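Student: Below you'll find the sequence and an experimental structure to go with it.
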Amino acid sequence: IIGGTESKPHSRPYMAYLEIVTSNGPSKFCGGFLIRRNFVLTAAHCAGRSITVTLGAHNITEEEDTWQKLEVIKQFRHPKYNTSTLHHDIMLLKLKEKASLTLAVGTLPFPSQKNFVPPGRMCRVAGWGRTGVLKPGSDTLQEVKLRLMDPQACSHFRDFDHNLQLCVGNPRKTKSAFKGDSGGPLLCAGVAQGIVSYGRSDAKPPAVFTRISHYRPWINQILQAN
Ligand SMILES: CCc1ccc2c(CCNC(C)=O)c([C@@H](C3=C(O)[C@@H](c4ccccc4)CC3=O)c3ccccc3)[nH]c2c1
Ligand SMILES: [Zn+2]
């Protein structure tokens, strides 16, 4: 998160810190959010050979009693996820066991309504990702308020699609998500409407987020069958 503030510790109890393991390189990092006691929603590009989930964290360098380190049994990447266009950047992680409910750890279930969110309003995003283009990931959970932009603002992303994705962040403001934040939620009036996906390498807003409303049928399908 670039240009944000430190979250009040444990104020977003659904937030998940993801360590992504692969065979031929060191750990990489994403965000996610707990939508059921044994399911975390995140981005498909965060898939790996294996993934570890930490719930209940604020400062990720200091072990505390709120931490729950949880094993992932299976990854459900969207079947149409495309590494060229980056369409359908969404994935569900099934946890080996159900998380414990505490003050610091709880679910963020979707409401029944699944209306299409138009441009104009302000939303908030949180994560442990880089605090600048040339800076390291944050030790503490950070968050920032970003504006939903008209789709033409994201035209320069040639594979952007208004029906599939949200266009997020006023170009005139030095505020954004960045690397390490992918997979985290964008909340609009307390409701998750987007998932952090991708933007420019230089972090100039706006950036591209998965539009959750479009994927509600797929999400429901996976949850009901698993
Ligand atoms: C919205 C905020 C924002 C803005 C810009 C980016 C970019 C930079 C995108 N640069 C391009 C596409 O030119 C990225 C890319 C990136 C990660 O997510 C990190 C990563 C962690 C775990 C597994 C794999 C990778 C390491 C990395 O390089 C990335 C890679 C693969 C597909 C999509 C995104 N994420 C972003 C998020
Ligand atoms: Zn604490």
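Tutor: Structure's in. What do you need? Numbering: from 1, shown residues only. Ligands and ions are numbered 1, 2, ... in the order given.
Student: contact partners of the longest strand belonging to the chain?
Tutor: The residue-count maximum for a strand in the chain (DSSP state E) belongs to strand 25-36. By CB atoms under 8 Å, 6 or more residues apart in numbering, the residues outside strand 25-36 that reach it are 14-22, 40-43, 46, 48, 53, 55, 93, 99, 105-110, 126-129, 137, 180-185, 192, 196, 219, 223. (C-beta placed from N, C-alpha, C; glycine too.)
Student: Can you list the strands that the helix or strand following that strand pairs with?
Tutor: Scanning forward in sequence from strand 25-36 by DSSP states H and E, the next helix or strand is strand 39-42. With DSSP bridges as the test, strand 39-42 is paired with strand 25-36 (antiparallel), strand 91-95 (antiparallel).
Student: Please work out which of these is packed deepest.
Tutor: strand 91-95 (a mean of 22; mean count of other CB atoms under 10 Å).
Student: Residues of the protein that sit close to ligand 1?
Tutor: Within the chain, the residues that sit near ligand 1 (CB under 6 Å from any ligand atom) are 20, 28-30, 45-46, 86, 177-179, 181-182, 196-199, 201, 207.
Student: sec struct for residue 86, please.
Tutor: Put simply, residue 86 is coil when judged by DSSP: H, G, I helix; E, B strand; the rest coil.
Student: Burial check on it, number of neighbours?
Tutor: Residues contacting residue 86 under the criterion other CB atoms under 10 Å number 20.
Student: how about it, what does it touch?
Tutor: 45, 159, 197, 198, 208.
Student: ChimeraX command for the buried members of these?
Tutor: Selection of buried members from the contacts of residue 86 for ChimeraX, criterion 16 or more other CB atoms under 10 Å:
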select :45,197,198,208
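Student: near ligand 2, from the contacts of residue 86?
Tutor: With CB under 5 Å from the ion as the criterion, those include none near ligand 2.
Student: In strands only, show me the contacts of residue 86.
Tutor: Members of the contacts of residue 86 lying in strands (criterion: DSSP E): 197, 198, 208.
Student: Cross-check the contact I'm expecting between the second one and residue 181.
Tutor: No - in terms of CB atoms under 8 Å, residue 198 does not count as a neighbour of residue 181; the distance is 10.4 Å.
Student: how many other residues sit next to residue 162?
Tutor: Residue 162 is flanked by 14 other residues according to other CB under 10 Å.
Student: That one belongs to a helix?
Tutor: No - assessed with three-state DSSP, residue 162 is coil; it does not lie in a helix.
Student: Spit out the contact partners of it.
Tutor: residue 151.
Student: Going by residue numbers, what spans are strands in this protein?
Tutor: Assigned by DSSP E, the strands in the chain fall at 5-6, 15-22, 25-36, 39-42, 50-55, 68-77, 91-95, 122-127, 142-147, 165-168, 185-188, 191-198, 207-211.
Student: can you redo those as JSON lines with distance to residue 114?
Tutor: Below are these laid out as JSON lines (distance: least, CB to CB, whole Å):
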{"stretch": "strand 5-6", "distance to residue 114": "30"}
{"stretch": "strand 15-22", "distance to residue 114": "22"}
{"stretch": "strand 25-36", "distance to residue 114": "14"}
{"stretch": "strand 39-42", "distance to residue 114": "15"}
{"stretch": "strand 50-55", "distance to residue 114": "26"}
{"stretch": "strand 68-77", "distance to residue 114": "20"}
{"stretch": "strand 91-95", "distance to residue 114": "17"}
{"stretch": "strand 122-127", "distance to residue 114": "16"}
{"stretch": "strand 142-147", "distance to residue 114": "22"}
{"stretch": "strand 165-168", "distance to residue 114": "14"}
{"stretch": "strand 185-188", "distance to residue 114": "13"}
{"stretch": "strand 191-198", "distance to residue 114": "10"}
{"stretch": "strand 207-211", "distance to residue 114": "11"}
